[PDB]
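Below is one structure, written out as structure tokens; comments come after it.
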Amino acid sequence: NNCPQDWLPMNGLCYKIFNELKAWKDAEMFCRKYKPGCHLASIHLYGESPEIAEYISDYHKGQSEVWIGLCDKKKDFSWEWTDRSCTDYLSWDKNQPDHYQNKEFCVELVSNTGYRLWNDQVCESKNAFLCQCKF
Amino acid sequence: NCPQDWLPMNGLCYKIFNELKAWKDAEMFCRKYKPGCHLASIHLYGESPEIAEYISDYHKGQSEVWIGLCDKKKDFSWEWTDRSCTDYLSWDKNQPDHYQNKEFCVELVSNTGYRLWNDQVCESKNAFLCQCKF
Amino acid sequence: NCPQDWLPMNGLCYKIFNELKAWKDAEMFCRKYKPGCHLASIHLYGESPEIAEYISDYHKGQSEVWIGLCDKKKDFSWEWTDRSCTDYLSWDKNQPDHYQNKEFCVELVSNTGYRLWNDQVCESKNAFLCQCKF
Amino acid sequence: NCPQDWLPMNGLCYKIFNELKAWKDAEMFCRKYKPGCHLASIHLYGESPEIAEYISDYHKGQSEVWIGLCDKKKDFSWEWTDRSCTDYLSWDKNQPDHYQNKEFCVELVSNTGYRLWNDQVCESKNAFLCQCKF
Amino acid sequence: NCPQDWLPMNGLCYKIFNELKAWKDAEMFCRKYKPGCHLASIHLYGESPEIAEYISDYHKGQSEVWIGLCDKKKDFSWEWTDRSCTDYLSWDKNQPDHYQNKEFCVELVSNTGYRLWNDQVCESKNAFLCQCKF
Amino acid sequence: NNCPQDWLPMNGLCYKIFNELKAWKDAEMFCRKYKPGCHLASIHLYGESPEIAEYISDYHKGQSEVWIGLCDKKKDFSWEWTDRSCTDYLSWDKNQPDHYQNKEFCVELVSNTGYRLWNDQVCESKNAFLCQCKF
Amino acid sequence: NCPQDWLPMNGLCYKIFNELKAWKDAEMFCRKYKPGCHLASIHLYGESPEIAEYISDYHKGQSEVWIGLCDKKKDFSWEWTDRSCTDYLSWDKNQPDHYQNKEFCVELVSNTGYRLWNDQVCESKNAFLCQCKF
Amino acid sequence: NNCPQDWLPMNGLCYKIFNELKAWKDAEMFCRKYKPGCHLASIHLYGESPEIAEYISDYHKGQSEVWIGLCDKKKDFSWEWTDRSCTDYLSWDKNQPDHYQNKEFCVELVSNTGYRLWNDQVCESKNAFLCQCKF
Amino acid sequence: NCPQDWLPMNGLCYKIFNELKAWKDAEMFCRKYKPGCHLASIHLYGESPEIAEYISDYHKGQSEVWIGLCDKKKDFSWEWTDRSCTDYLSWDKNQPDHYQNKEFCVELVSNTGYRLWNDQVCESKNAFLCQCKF
Amino acid sequence: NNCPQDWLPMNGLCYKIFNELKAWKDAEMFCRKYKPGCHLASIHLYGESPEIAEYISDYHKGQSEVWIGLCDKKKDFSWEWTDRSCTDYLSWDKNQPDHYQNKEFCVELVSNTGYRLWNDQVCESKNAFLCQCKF
Ligand SMILES: [Ca+2]
Ligand SMILES: [Ca+2]
Ligand SMILES: [Ca+2]
Ligand SMILES: [Ca+2]
Ligand SMILES: [Ca+2]
Ligand SMILES: [Ca+2]
Ligand SMILES: [Ca+2]
Ligand SMILES: [Ca+2]
Ligand SMILES: [Ca+2]
Ligand SMILES: [Ca+2]
Ligand code: NA
Ligand code: NA
Ligand code: NA
Ligand code: NA
Ligand code: NA
Ligand code: NA
Ligand code: NA
Ligand code: NA
Ligand code: NA
Ligand code: NA
């Protein structure tokens, strides 16, 4: 909050991009075991996506897509944040979500959009990821 | 304003200690760890999931977990050690029950993921969850 | 900022209405009573007993009471009418049950003091609890 | 947001009622006077002298004053009727004492300026102080 | 702190007016209704459904609804009449499109539940949503 | 809720001048029984004296002094407000308090100073008085 | 906060009076209107347009408008009549100018839309804008 | 910052017990010279007393009593805090303050009560003491 | 936080840099210095004097100072790089002037104490002022 | 608010006394060049005086006077703070300000009154001085 100087402060939390390529579950547990009170980031405001988007475009090593903490654990278009927050904001890319081949149930940030809009993607895909934390 | 090995939550800092201690022996450890600490208190439906998940990830152990709830008068009058109000409950199946009329301290049950509570014999030994102001 | 025939609670204002209406009819009655009204939403363990006592003291009859929770998708996707977050639950025992796949609207149960919820058939004509900004 | 005939104190409204009534009558009178009303609960040192003058000046009559503190278990475990915490005591000398046997309700003592408390017979008729939320 | 025929939201008061007026008339009507009023501005993602449901319930008739957003410079430089920041957008599919370079005022689209926007001829006669400060 | 329109709003309390001439101990009781939560006025900040001064000069109908709620109930220079507020501000006139002839234990605003400065006075003197209320 | 015919702005109420008066008498009228009123003061870059528009809408007839800024020392020390700090300026081009003709009071320039300031003779009858605390 | 680690944070202030035995005036000056903005502690709420009590009982090495920043320098029951705070709260033990033999004008916390209640005491005695600091 | 070598003002931390850079190069420097950094934005009349004194006492050289205001689409539409609104202006005499239609980036004028603004060539190597969020 | 330990926290700012002797001109500049966002101290509340008065008395290594950031630049009783704050508070000493021999235009705190009250004195006089900083 109280954020480290290599983290992005925003609306009470601290956000950071991780360039390692991990599957969605791998990345979630990475954040949670990084420090108490960490998850894959949640978004809740129209004005948070641009600030996140620009931050990734400036500190992202590579071009890998970026996981965030939205999941469809019931495979029925009921999307949930892993920080147990409330799905009160959506920023989907065109024609998404689409459950392509019924393989996609996790959510990434699309590089083509500036990491601004969301896409549902195959869980086991190995991407970069964005942790959020309380400090 | 917590140390980076603690859980921030609603202005206080929480932490799981893996050593085994009796309820009283656990409360005293927290109190003497640093000025202004106690066995943790819970006051919101939302704090119960948050704690359960923190423990399930950082509990370098196996056992159940003490919290600072005690039936002092032994008549279902549950006080917190930190002297805060008892305005929230999260019991397990058919708890509290005073099994053998020797159970008066409260623990977090691992079979529930550490979300529900059970009254247990105070002199038994578990891990515990401290609660500190920093 | 709320009239005296209503209960003030956490910035919003509630009132039990005794005329029986089906779930849909009740929601719309609140909506058109005044701009910014819905069937009530509940978000804290502390809000439940305060609503339960208000109903008991001001409710005429022993009928059940509608609240703004329903499953529009008919698959356990519980959504409040006022679009607030489903961040709290107080289900009765063995609920929700989707009994005979006719129950999709949630009521407060009378013989629990109105602390616990039950999903019920939408056409059932109950009392209802409005929630309004002012 | 208090009306003019009430005392505004710390976010609640307080008013004395001079009609003589037993304790359970006083509590239910407030309850049904308006939604969100009970007998007064006192929580701060600074609140006792403020209620003290208010009653001293607007108590048209001469009686003791019920407040919403009672030993519902009859074993010196006192609870407020608004479900609030018991985080403050302001007893008189030699109180509480369960004198004789049935002194389980709490009254404000006129010989203290209505500042200190005495436990008294449930069924005794007194003036009473409602607190409400407007 | 709103009247009852008005919708309270995030510190301001909103109301739908069903008389059909061109954009500049609708702005001037709000302005003269009471000091400190303008055609509504919208600043949060959650504000849109709130307005969308209000209008649907209270829109006597069937029209598009003016809001206080216009492109005075006729070059995609949209400004709110209340001088607030243009920190939020909620366009309909393909809009804004400056059709035939004659569309510079913003309306709410009934075919989206009044959630999404379209740029429209300013002289078109629409219902309108005033926004006042009390 | 707010103050009534014939009252001065200042820092959460309401103040009104009353031109009736009363003894200090009658002034206090008039205020206390005007409405629950009323006492003779209490002043706590440097900037409060000008606001109270100007207000009186405009809505005062007379040339009398004005009682305020400061009292030496002990008769030994222990000045206390009737509202139980903190004696954390002083604005004494020249050579005050004086305990003139061991009879001056109640405090009045001095019209000769614009009603900005205080004077300890005989309590039985009949002056105007300033109430202070919570609404 | 305010009455329904006043402009609420940043915790105060503003209102224009179309009667013509000399500066001194305008100030006197505001002060004896209601306790806690003066000629208006301006402190933020963003307030001047908010006032400029309010007047342009509710000013009947035409003239210039007084505000509560003057110079009693007769140099260039401008003091508000509400004793607030002179921490914001907004003069018209080449103003102030002491056009030694009794020019020591400030008015709003209709040629700017009532946004920028000008020093003009005190005795000149102009309209005025009061600033009240409700 | 907002309280070191061996200090007790409470209601926006920091507190610490010093077991070095000192006189009441000596203890005051010790605090004031420890850091800018320090005094012998001040108590203001019914709930503050037991939090202090529990803290002292746990962290007080030694057995003596404990000074707090309340004294009667007018020697007439005019009790005032050294930090200029308002005497808006009392917590005396039974039969105190008793000005025993007109020697007692400084205040201490009483062991018999768990350091919860107060006692007026000879200002020259040697007790431990409780500092209070803004950080 | 705000390091002791930065200027605290209204929740953000500002620091002068004396290394001479083109405007884009100055912006990309800030953005890459620390997450949450851009060229400075200014929003209050009172912010301009405080920035001015800071630069006059801490900058080295006599270069004009860049800020993050830019006419990106080159039509007198000035936007901040940190995405805050353009609600404040402090232009210099007869500025902006798009001189020779080659000036689209905004600098501070040393000849005004670094208080007023001027549009300038985008690659004019100047000192710059970063605005960060710690 | 984030004051280091050698500074006085008060009402959101940090203050410190410097015993080095410097003129008013020089003292104001040393503060401003110490850290970004510094000036000679400003005072705005009745209660700020005794809190400053006591801090200086405890930490002043000298017998000298103390500069504050108040001066009459126009030279006509238009007292203006150097931090550009409002002159909303006065604490003038006895028979001050007095422009003694039309030479005194800057303001100091006098040791006579425990550094509580103000005197206008000579700009070029070399006194101790008090800085005020945002941290
Ligand atoms: Ca997809
Ligand atoms: Ca058990
Ligand atoms: Ca059911
Ligand atoms: Ca008794
Ligand atoms: Ca269009
Ligand atoms: Ca006298
Ligand atoms: Ca002129
Ligand atoms: Ca004693
Ligand atoms: Ca230029
Ligand atoms: Ca002098
Ligand atoms: Na988030
Ligand atoms: Na807790
Ligand atoms: Na609700
Ligand atoms: Na209460
Ligand atoms: Na709006
Ligand atoms: Na007061
Ligand atoms: Na103003
Ligand atoms: Na204290
Ligand atoms: Na800024
Ligand atoms: Na200051």
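Residue numbers (PDB author numbering), protein chains in the order written: chain E, 1 to 135; chain A, 2 to 135; chain F, 2 to 135; chain J, 2 to 135; chain G, 2 to 135; chain I, 1 to 135; chain H, 2 to 135; chain B, 1 to 135; chain D, 2 to 135; chain C, 1 to 135. For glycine and all other residues, C-beta sits at the position ideal for the given N, C-alpha and C.
Of all C-beta pairs linking the region 30 to 47 of chain E to the region 71 to 86 of chain E, three or more are shorter than 8 Å, placing the two stretches in contact. Sorting H:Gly114, H:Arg32 and H:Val122 by C-alpha distance to the C-alpha of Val107 of chain H places H:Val122 at the top. For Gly47 of chain F, the nearest beta carbon of chain A is closer than 9 Å to its own beta carbon. DSSP, read as helix, strand or coil, puts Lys25 of chain B in helix. Beta-bridge analysis with DSSP links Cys133 of chain D to D:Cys14 and D:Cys38. Nearest CB-CB separation between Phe135 of chain I and chain J: below the 9 Å threshold. Measuring C-alpha to C-alpha distances from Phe135 of chain A to each of A:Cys14, A:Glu48 and A:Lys61 identifies A:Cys14 as the nearest.
At a threshold of 8 Å, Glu80 of chain F does not count as near ligand 13, since its beta carbon sits no closer than that to any of the ligand's heavy atoms.
The region 59 to 67 of chain G and the region 85 to 102 of chain F do not touch, with fewer than 3 CB-CB distances between them shorter than 8 Å. At a cut-off of 8 Å, the beta-carbon of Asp98 of chain A counts as near ligand 2: some heavy atom of the ligand is closer than that. Within chain D, the residues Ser78 have their CB atoms less than 8 Å from the CB of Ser78 of chain G, given in chain order. Counting C-beta pairs with one atom in each stretch, the region 124 to 131 of chain C and the region 4 to 24 of chain C have three or more that are closer than 8 Å, which means they touch. Each of H:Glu104, H:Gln96 and H:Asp93 was checked against the Cα of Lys75 of chain H, and the nearest Cα belongs to H:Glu104.
Proximity annotation: ligand 13 has residues F:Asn11, F:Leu13, F:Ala41, F:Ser42, F:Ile43, F:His44, F:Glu48, F:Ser85 and F:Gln132 in chain order, each selected because its CB is closer than 7 Å to a heavy atom of the ligand.
Non-local beta-carbon contacts of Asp93 of chain H in its own chain, meaning distances under 7 Å to residues more than five positions away in sequence, involve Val110, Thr113, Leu117, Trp118 and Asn119 in chain order.
Under the DSSP assignment, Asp120 of chain E falls in the beta strand (DSSP E) whose first and last residues are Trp118 to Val122. Distance from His39 of chain G to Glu28 of chain G at the Cβ level is roughly 7 Å; contact confirmed, criterion being Cβ atoms closer than 8 Å. Ranked by how close their Cα comes to the Cα of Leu70 of chain B, the residues B:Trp24, B:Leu8, B:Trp7 and B:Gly12 have B:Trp24 in first place. Taken through DSSP and simplified to helix, strand or coil, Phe105 of chain B comes out as strand.
Close to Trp7 of chain E, with beta-carbon spacing below 8 Å, are these residues of chain D in chain order: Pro36. In the DSSP assignment, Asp72 of chain A falls within the unbroken beta strand (DSSP E) covering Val66 to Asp72. Excluding its 5 nearest sequence neighbours in each direction, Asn2 of chain D has C-beta neighbours in its own chain below 6 Å: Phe135, listed in chain order. Under the three-state reduction of DSSP output, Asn127 of chain G falls in the strand class. Residue-level contact check: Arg84 of chain E touches chain A, since one or more beta carbons of chain A fall below 9 Å from its beta carbon. Per DSSP, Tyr115 of chain E lies in no alpha helix (DSSP H) segment and is marked neither H nor E.
Annotation for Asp88 of chain B indicates a beta carbon at 8 Å or more from all heavy atoms of ligand 18.
Proximity to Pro36 of chain G across H:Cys86, H:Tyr34, H:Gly37 and H:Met10 peaks at H:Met10, based on C-alpha coordinates.
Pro50 of chain G carries a helical assignment under DSSP once its states are collapsed to helix, strand and coil.
With its beta carbon at least 9 Å from every one in chain D, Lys94 of chain C lies outside the interface.
According to the DSSP assignment, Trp81 of chain A belongs to the beta strand (DSSP E) that extends over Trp79 to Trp81. Just so you know, the alpha carbons of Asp6 of chain A and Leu21 of chain C end up roughly 48 Å apart.
Here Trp92 of chain E is bridged, per DSSP, to E:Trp118.
Around the beta-carbon of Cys86 of chain F, fewer than 16 other beta-carbon atoms lie within 10 Å, marking it exposed. Distance from the CA of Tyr34 of chain E to the CA of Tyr34 of chain D, rounded to the nearest whole angstrom, comes to 24 Å. Check the Cα spacing between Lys126 of chain J and each of J:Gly12, J:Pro4, J:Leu8 and J:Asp26: the tightest is with J:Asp26.
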